[PDB]
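Colleague: Take a look at my_file_5.pdb, PDB, C-alpha atoms (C1' of nucleotides):
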```pdb
ATOM      1  CA  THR Q   3       0.000   0.000   0.000
ATOM      2  CA  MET Q   4       2.998   2.262   0.605
ATOM      3  CA  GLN Q   5       4.022   1.723  -3.039
ATOM      4  CA  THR Q   6       4.398   5.191  -4.569
ATOM      5  CA  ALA Q   7       6.985   4.512  -7.311
ATOM      6  CA  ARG Q   8       6.517   1.600  -9.727
ATOM      7  CA  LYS Q   9       3.769  -0.254  -7.867
ATOM      8  CA  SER Q  10       3.763  -4.051  -7.695
ATOM      9  CA  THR Q  11       1.484  -5.155 -10.534
ATOM     10  CA  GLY Q  12       1.278  -8.717  -9.231
ATOM     11  CA  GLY Q  13      -0.231  -9.853  -5.972
ATOM     12  CA  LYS Q  14      -3.696  -8.792  -7.163
ATOM     13  CA  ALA Q  15      -6.423 -11.302  -8.015
ATOM     14  CA  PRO Q  38     -41.710 -27.855 -21.265
ATOM     15  CA  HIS Q  39     -39.573 -30.383 -23.159
ATOM     16  CA  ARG Q  40     -39.969 -31.141 -26.868
ATOM     17  CA  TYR Q  41     -37.785 -33.646 -28.694
ATOM     18  CA  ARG Q  42     -36.148 -32.731 -31.982
ATOM     19  CA  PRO Q  43     -38.064 -33.672 -35.155
ATOM     20  CA  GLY Q  44     -37.319 -37.244 -36.202
ATOM     21  CA  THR Q  45     -36.619 -38.799 -32.797
ATOM     22  CA  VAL Q  46     -40.152 -39.924 -31.912
ATOM     23  CA  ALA Q  47     -40.645 -41.023 -35.524
ATOM     24  CA  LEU Q  48     -37.653 -43.379 -35.426
ATOM     25  CA  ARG Q  49     -38.691 -44.682 -32.004
ATOM     26  CA  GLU Q  50     -42.209 -45.238 -33.347
ATOM     27  CA  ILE Q  51     -40.690 -47.105 -36.304
ATOM     28  CA  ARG Q  52     -38.828 -49.391 -33.898
ATOM     29  CA  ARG Q  53     -42.046 -49.905 -31.931
ATOM     30  CA  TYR Q  54     -44.056 -51.027 -34.972
ATOM     31  CA  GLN Q  55     -41.240 -53.098 -36.507
ATOM     32  CA  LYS Q  56     -41.159 -55.217 -33.329
ATOM     33  CA  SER Q  57     -44.928 -55.809 -33.168
ATOM     34  CA  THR Q  58     -47.211 -57.458 -35.719
ATOM     35  CA  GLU Q  59     -50.631 -56.176 -34.632
ATOM     36  CA  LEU Q  60     -52.875 -54.890 -37.400
ATOM     37  CA  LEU Q  61     -52.601 -51.135 -37.897
ATOM     38  CA  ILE Q  62     -55.825 -50.209 -39.709
ATOM     39  CA  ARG Q  63     -58.828 -50.452 -37.405
ATOM     40  CA  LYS Q  64     -61.173 -53.372 -37.976
ATOM     41  CA  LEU Q  65     -64.621 -51.757 -38.142
ATOM     42  CA  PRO Q  66     -63.884 -48.877 -40.581
ATOM     43  CA  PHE Q  67     -62.000 -51.369 -42.753
ATOM     44  CA  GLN Q  68     -64.892 -53.840 -42.659
TER      45      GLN Q  68
ATOM     46  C1'  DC D   1     -25.530 -22.561 -50.089
ATOM     47  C1'  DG D   2     -29.562 -20.034 -49.078
ATOM     48  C1'  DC D   3     -34.577 -19.210 -48.833
ATOM     49  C1'  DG D   4     -39.052 -20.521 -47.781
ATOM     50  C1'  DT D   5     -42.346 -23.623 -46.132
ATOM     51  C1'  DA D   6     -44.532 -27.906 -44.976
ATOM     52  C1'  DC D   7     -44.765 -31.342 -41.867
ATOM     53  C1'  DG D   8     -43.201 -33.214 -37.032
ATOM     54  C1'  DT D   9     -44.553 -32.496 -32.437
ATOM     55  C1'  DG D  10     -47.339 -31.350 -28.474
ATOM     56  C1'  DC D  11     -52.107 -30.438 -26.194
ATOM     57  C1'  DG D  12     -56.994 -29.747 -25.594
ATOM     58  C1'  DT D  13     -61.380 -31.033 -27.819
ATOM     59  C1'  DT D  14     -64.175 -34.555 -29.835
ATOM     60  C1'  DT D  15     -65.629 -38.622 -32.178
ATOM     61  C1'  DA D  16     -66.434 -43.471 -32.532
ATOM     62  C1'  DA D  17     -63.777 -47.909 -32.163
ATOM     63  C1'  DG D  18     -63.925 -51.739 -29.226
ATOM     64  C1'  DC D  19     -66.169 -54.863 -25.818
ATOM     65  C1'  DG D  20     -69.685 -57.956 -25.083
ATOM     66  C1'  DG D  21     -74.230 -59.339 -24.225
ATOM     67  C1'  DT D  22     -78.572 -60.754 -26.576
ATOM     68  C1'  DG D  23     -81.786 -61.953 -29.943
ATOM     69  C1'  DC D  24     -83.171 -63.579 -34.944
ATOM     70  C1'  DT D  25     -82.957 -66.132 -38.976
ATOM     71  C1'  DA D  26     -80.738 -66.550 -43.403
ATOM     72  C1'  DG D  27     -77.883 -69.356 -45.581
ATOM     73  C1'  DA D  28     -74.232 -72.740 -45.479
ATOM     74  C1'  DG D  29     -73.876 -77.605 -44.958
ATOM     75  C1'  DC D  30     -75.554 -82.172 -44.625
ATOM     76  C1'  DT D  31     -78.552 -85.816 -46.565
ATOM     77  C1'  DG D  32     -81.625 -88.654 -49.537
ATOM     78  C1'  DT D  33     -83.643 -89.730 -54.039
ATOM     79  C1'  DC D  34     -83.668 -90.066 -59.112
ATOM     80  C1'  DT D  35     -81.591 -89.346 -63.916
ATOM     81  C1'  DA D  36     -79.729 -86.864 -67.446
ATOM     82  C1'  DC D  37     -75.157 -86.587 -69.284
ATOM     83  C1'  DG D  38     -70.543 -88.115 -70.050
ATOM     84  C1'  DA D  39     -67.043 -91.916 -70.635
ATOM     85  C1'  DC D  40     -66.058 -95.781 -73.473
ATOM     86  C1'  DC D  41     -66.001 -98.988 -77.640
ATOM     87  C1'  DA D  42     -66.684 -99.884 -82.552
ATOM     88  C1'  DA D  43     -67.050 -98.519 -87.803
ATOM     89  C1'  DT D  44     -67.280 -94.867 -91.126
ATOM     90  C1'  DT D  45     -65.770 -90.693 -93.211
ATOM     91  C1'  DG D  46     -63.730 -86.235 -94.567
ATOM     92  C1'  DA D  47     -61.257 -82.488 -92.318
ATOM     93  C1'  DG D  48     -56.599 -81.407 -91.629
ATOM     94  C1'  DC D  49     -51.616 -81.919 -92.683
ATOM     95  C1'  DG D  50     -47.118 -82.890 -95.649
ATOM     96  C1'  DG D  51     -45.590 -81.891-100.259
ATOM     97  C1'  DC D  52     -45.114 -79.563-104.330
ATOM     98  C1'  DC D  53     -45.244 -75.312-107.303
ATOM     99  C1'  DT D  54     -46.080 -70.852-108.994
ATOM    100  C1'  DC D  55     -46.140 -65.880-108.281
ATOM    101  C1'  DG D  56     -46.409 -61.509-106.461
ATOM    102  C1'  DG D  57     -45.706 -58.602-101.796
ATOM    103  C1'  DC D  58     -42.086 -56.800-100.221
ATOM    104  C1'  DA D  59     -36.823 -56.558 -99.491
ATOM    105  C1'  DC D  60     -33.144 -53.665-101.927
ATOM    106  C1'  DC D  61     -31.699 -49.490-103.890
ATOM    107  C1'  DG D  62     -30.411 -45.059-106.500
ATOM    108  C1'  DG D  63     -32.348 -40.603-107.405
ATOM    109  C1'  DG D  64     -35.181 -36.589-105.767
ATOM    110  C1'  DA D  65     -37.856 -34.124-102.403
ATOM    111  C1'  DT D  66     -38.063 -32.441 -97.803
ATOM    112  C1'  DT D  67     -37.544 -31.436 -93.132
ATOM    113  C1'  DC D  68     -35.380 -30.430 -89.673
ATOM    114  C1'  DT D  69     -30.209 -28.802 -87.279
ATOM    115  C1'  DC D  70     -26.851 -25.803 -86.440
ATOM    116  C1'  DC D  71     -24.300 -21.588 -86.874
ATOM    117  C1'  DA D  72     -22.469 -17.674 -88.420
ATOM    118  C1'  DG D  73     -22.203 -13.080 -89.550
ATOM    119  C1'  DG D  74     -23.612  -8.227 -89.308
ATOM    120  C1'  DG D  75     -25.107  -4.522 -86.474
ATOM    121  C1'  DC D  76     -24.870  -1.753 -82.304
ATOM    122  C1'  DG D  77     -23.422  -0.338 -78.045
ATOM    123  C1'  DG D  78     -19.574   0.174 -74.717
ATOM    124  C1'  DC D  79     -14.828   0.789 -73.351
ATOM    125  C1'  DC D  80     -10.257   1.998 -73.923
ATOM    126  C1'  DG D  81      -6.781   4.797 -76.145
ATOM    127  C1'  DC D  82      -3.674   7.835 -79.218
ATOM    128  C1'  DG D  83      -3.327  12.363 -80.660
ATOM    129  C1'  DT D  84      -3.993  17.169 -80.369
ATOM    130  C1'  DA D  85      -5.010  21.140 -78.069
ATOM    131  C1'  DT D  86      -5.230  24.325 -74.176
ATOM    132  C1'  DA D  87      -4.275  26.071 -69.817
ATOM    133  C1'  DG D  88      -1.013  26.526 -66.192
ATOM    134  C1'  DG D  89       3.471  27.031 -64.393
ATOM    135  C1'  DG D  90       8.209  28.187 -64.803
ATOM    136  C1'  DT D  91      11.859  30.703 -66.652
ATOM    137  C1'  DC D  92      14.135  34.617 -69.031
ATOM    138  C1'  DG D  93      14.413  39.352 -70.458
ATOM    139  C1'  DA D  94      13.406  44.184 -69.922
ATOM    140  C1'  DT D  95      12.337  48.314 -67.448
TER     141       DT D  95
END
```
What would the structure in this file look like if it were written as structure tokens?
Modeller:
Amino acid sequence: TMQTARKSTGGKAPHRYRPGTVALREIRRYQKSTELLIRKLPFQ
DNA sequence: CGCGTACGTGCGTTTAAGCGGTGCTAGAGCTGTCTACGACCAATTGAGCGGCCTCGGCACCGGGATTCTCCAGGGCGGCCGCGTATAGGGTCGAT
């Protein structure tokens, strides 16, 4: 502190997934199952 | 690589798919009789196939007509450039 000439410089320191993720996971879900996808009564 | 948008994703609203329970009868399926139609055999006959020939419909082509295919050149505008002129500055002479 008594430094008057050339002081010491040192000494101072909702969630939403990205598009395409759910689609691929849905693809995996339907590729594993074999249940019919179109509903029975509207098809009939 | 950049722009623009269409479809993925999430949520609240809304529709009907699914379950299943119940009742009805139409139509599949079974059965029983009776026969009209098809297989099978024999004898006769011409319709269909190999062969043989002749002939013209089309393969081949040279000339002529045409129907595209490509480009090539002339004009016109712009940009650069060599030459001449004109103004400005510097130097020399005179008062």
Colleague: May I ask for the distance between atom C1' of residue D:8 and atom CA of residue Q:40, given in Å to one decimal place?
Modeller: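 A separation of 10.9 Å between them.
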Colleague: Go through chain D residue by residue and, counting only C-alpha atoms (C1' of nucleotides), keep those with an atom at most 10 Å from chain Q; for each kept residue give the shortest atom pair and its distance in Å to one decimal, ordered by chain and increasing number, as a Markdown table.
Modeller:
```
| residue | atom | partner | partner_atom | distance |
| --- | --- | --- | --- | --- |
| D:7 | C1' | Q:43 | CA | 9.8 |
| D:8 | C1' | Q:43 | CA | 5.5 |
| D:9 | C1' | Q:43 | CA | 7.1 |
| D:10 | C1' | Q:40 | CA | 7.5 |
| D:17 | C1' | Q:65 | CA | 7.2 |
| D:18 | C1' | Q:65 | CA | 8.9 |
```
Colleague: How would the residues just chosen look if you wrote them out with C-alpha atoms (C1' of nucleotides) as a PDB file, keeping the file's coordinate frame?
Modeller:
```
ATOM      1  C1'  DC D   7     -44.765 -31.342 -41.867  1.00  0.00           C
ATOM      2  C1'  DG D   8     -43.201 -33.214 -37.032  1.00  0.00           C
ATOM      3  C1'  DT D   9     -44.553 -32.496 -32.437  1.00  0.00           C
ATOM      4  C1'  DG D  10     -47.339 -31.350 -28.474  1.00  0.00           C
ATOM      5  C1'  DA D  17     -63.777 -47.909 -32.163  1.00  0.00           C
ATOM      6  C1'  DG D  18     -63.925 -51.739 -29.226  1.00  0.00           C
TER       7       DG D  18
END
```
Colleague: How big is the axis-aligned box, and where does its centre sit, when it encloses all atoms of stretch 2-8 of chain D listed in the file and has 6 Å added on every side, reported in Å to one decimal as lines of an AutoDock Vina configuration file?
Modeller:
```
center_x = -37.2
center_y = -26.2
center_z = -43.1
size_x = 27.2
size_y = 26.0
size_z = 24.0
```
Colleague: Quick one: distance from atom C1' of residue D:19 to atom CA of residue Q:67 in Å, one decimal?
Modeller: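 These two atoms are separated by 17.8 Å.
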Colleague: Rounded to one decimal, what separation in Å do you get between atom CA of residue Q:62 and atom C1' of residue D:11?
Modeller: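 So the two atoms, atom CA of residue Q:62 and atom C1' of residue D:11, lie 24.2 Å apart.
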